[PDB]
Number of protein chains: 2
Amino acid sequence: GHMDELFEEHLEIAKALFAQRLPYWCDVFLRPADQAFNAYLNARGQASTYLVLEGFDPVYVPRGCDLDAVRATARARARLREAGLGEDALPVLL
Amino acid sequence: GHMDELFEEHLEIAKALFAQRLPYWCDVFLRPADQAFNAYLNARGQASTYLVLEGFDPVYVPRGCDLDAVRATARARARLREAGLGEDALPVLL
Ligand SMILES: [Ca+2]
């Protein structure tokens, strides 16, 4: 598939979450596209900070969402992932 | 290989900074080795969060260091870099 379309559709997902000032937990991209997606969000008008938490949990965080709260959320996500919960059942923001 | 030495030597510096809850702005890694260094820190027992805003300025943030403060610092660093200051003269933590 084209990367432009992948980035465009994931931008639409990000926008839906960012409209509520929620972070977008998304690990679908390979390297270095994972980091580049943050440049895409910012270029397209969606102010975003990229974090990788707990070693391997990436997230795109809108302005207006507390980064320390996202890190706290990642700690809980890690415990729940280890217990076998799928990504869509993990907490988005504590 | 030289990458193994690179990661091992920078681990030592990160450990020293993290002991004082200071972030490590380290620009010696070529993307995507920048993100991989954060994975290495975590794999070696140094709890670290990787943060990227809008320029090349890799940062590795320990537990107990405020990520919102690091984000604000990244913004100030970018503005000062744009004005001509060298990396060594930039703030590490507002
Ligand atoms: Ca904070």
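Residues numbered from 1 in each chain as written, not as in the entry; some residues may be left out. Chains lettered and ligands numbered in written order. Heavy atoms only, no water. Residues with missing side-chain atoms left out of burial classes, pairs and counts.

- This entry lists X-ray crystallography as its structure determination method and reports a resolution of 1.3500 Å.

## Focus: the overall build of chain A
Then comes step 1: Along the backbone of chain A there are three helices and three strands.
Then comes step 2: For chain A, the sequential pattern of α-helices and β-strands runs α-β-α-β-β-α.
Then comes step 3: Here the C-alpha atoms of chain A give a radius of gyration of 13 Å, agreeing with the 12 Å that 2.2 N^0.38 yields for 94 residues.
Then comes step 4: Oriented by its inertia axes, the alpha-carbon framework of chain A measures out at about 35 × 30 × 20 Å.
Then comes step 5: Within chain A, counting contacts between residues at least 6 apart in sequence, those at least 24 apart form 47% of the total. (Helix = DSSP H or I, 4+ residues; strand = E, 2+ residues; numbered from the N terminus. Rg over C-alpha atoms; globule rule 2.2 N^0.38 Å. Contact = heavy atoms within 4.5 Å.)

## With respect to the relation of the copies chain B and chain A
Then comes step 1: Mapping chain B onto chain A calls for a screw motion: a turn of 174° about the axis and a shift of 0.7 Å along it, with 1.1 Å RMSD after fitting. Taken together, the turn and the small shift mark the pair as related by a two-fold rotation axis. Every residue of chain B has its C-alpha some distance from the rotation axis, and the shortest such distance is that of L51(B), at 2.3 Å.
Then comes step 2: Most of the interface of chain B is mirrored in chain A, where 78% of its interface residues again form contacts. (Least-squares fit on C-alpha atoms.)

## Focus: the coordination of the calcium ion
Then comes step 1: Coordination sphere of the calcium ion, protein contribution only: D68(A) (OD), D66(B) (OD), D66(B) (OD) and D68(B) (OD), at 2.2 to 2.5 Å.
Then comes step 2: For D66(B), a relative accessible area of 36% gives the class partly exposed. (Donors = N, O, S within 2.8 Å, 3.2 Å for Na, K, Ca; no water. Buried < 20%, exposed > 50% of the residue type's maximum accessible area, 1.4 Å probe, protein only.)

## Concerning the packing of aromatic side chains
Residue and element names in this part refer to chain A.
Then comes step 1: Within the structure shown, the criterion is met by 18 aromatic pairs over all chains.
Then comes step 2: Considering the side-chain rings of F37 and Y60, the 5.0 Å spacing of their centres and the 85° angle between planes classify their relative orientation as edge-to-face. Of this pair, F37 sits in helix 2 (residues 33-43) while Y60 is found in strand 3 (residues 57-62), placing the two residues 23 residues apart along the sequence. Just as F37 is buried, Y60 falls in that class too.
Then comes step 3: Seen from the ring of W25, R77 lies directly overhead, with NZ or CZ sitting 3.8 Å from the centre. (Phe/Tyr/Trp six-rings, centres within 6.5 Å; stacked < 30°, edge-to-face > 60°. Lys NZ or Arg CZ within 6 Å of the ring centre and 35° of its normal.)

## Structural notes on a nonpolar patch on the surface
Then comes step 1: On the surface, a cluster of nonpolar side chains totalling about 200 Å² of accessible area is made up of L22(B), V92(B) and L93(B).
Then comes step 2: Of note, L93(B) is situated in the segment after helix 3 (67-82). (Patch = residues over 30% accessible without salt bridge, like charges linked within 9 Å, V, L, I, M, F, W, Y side chains within 5 Å. Areas by Shrake-Rupley, 256 points an atom, 1.4 Å probe, with all protein chains shown as cover. Salt bridge = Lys/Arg side-chain N within 4 Å of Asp/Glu carboxyl O.)

## Structural notes on the interface of chain B and chain A
Then comes step 1: The interface is formed by 23 residues belonging to chain B together with 22 residues belonging to chain A.
Then comes step 2: Listing elements by their share of the side of chain B that touches chain A, those giving two or more residues are helix 2 (33-43), strand 2 (48-52), strand 3 (59-62) and helix 3 of chain B.
Then comes step 3: Among the residues making up the side of chain B that touches chain A, the classes are represented as 10 nonpolar, six polar and seven charged.
Then comes step 4: Examined bridge by bridge, strand 2 (residues 48-53) of chain A and strand 2 of chain B share three bridges and lie antiparallel to one another. (Nonpolar A, V, L, I, M, F, W, Y, C, P; charged D, E, K, R; others polar. Pairing = 2+ DSSP bridges.)

## Description of the environment of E54(B)
Residues and elements named next belong to chain B.
Then comes step 1: Tracing the chain through its elements places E54 in the loop between strand 2 and strand 3.
Then comes step 2: We classify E54 as exposed; its relative accessible area is 62%.
Then comes step 3: Once the C-alpha coordinates of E54 and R75 are considered, the two residues, 21 residues apart in sequence, prove to be 8.4 Å apart.

## Quick look at the UniProt feature "binding site: Ca(2+)" (unreviewed entry) in chain A
Then comes step 1: UniProt's entry tags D66(A) and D68(A) with the feature "binding site: Ca(2+)" (unreviewed entry), counted in the numbering of this structure.
Then comes step 2: One polar contact links the side chain of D66(A) to the main-chain amide nitrogen of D68(A), over a distance of 3.0 Å.
Then comes step 3: By the element assignment, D68(A) lies in helix 3 (residues 67-82).
Then comes step 4: For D68(A), the contacting residues outside a window of four places in its chain are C65(B), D66(B), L67(B) and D68(B). (UniProt positions renumbered as here; feature names shortened; annotations may be inferred. Polar contact = N/O pair within 3.5 Å; in protein donor to acceptor, adjacent residues only side chain to side chain.)

## Considerations on the packing of helix 1 (residues 3-18) of chain A against helix 2 of chain A
Residues and elements named next belong to chain A.
Then comes step 1: Close contact between helix 1 and helix 2 brings their axes to 10 Å; oriented N to C, the two are set at 65°. As for the relative orientation of helix 1 and helix 2, their crossing is right-handed in sense. Contacts between helix 1 and helix 2 pair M3, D4, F7, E8, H10, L11, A14 and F18 from the former with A33, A36, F37, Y40 and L41 from the latter.
Then comes step 2: Among the residues making up the contact of helix 1 with helix 2, the classes are represented as 10 nonpolar, one polar and two charged. (Axes fitted to C-alpha atoms, helices over the stretch in contact; angles between N-to-C directions. Left-handed = near helix turned anticlockwise from the far one by under 90°.)

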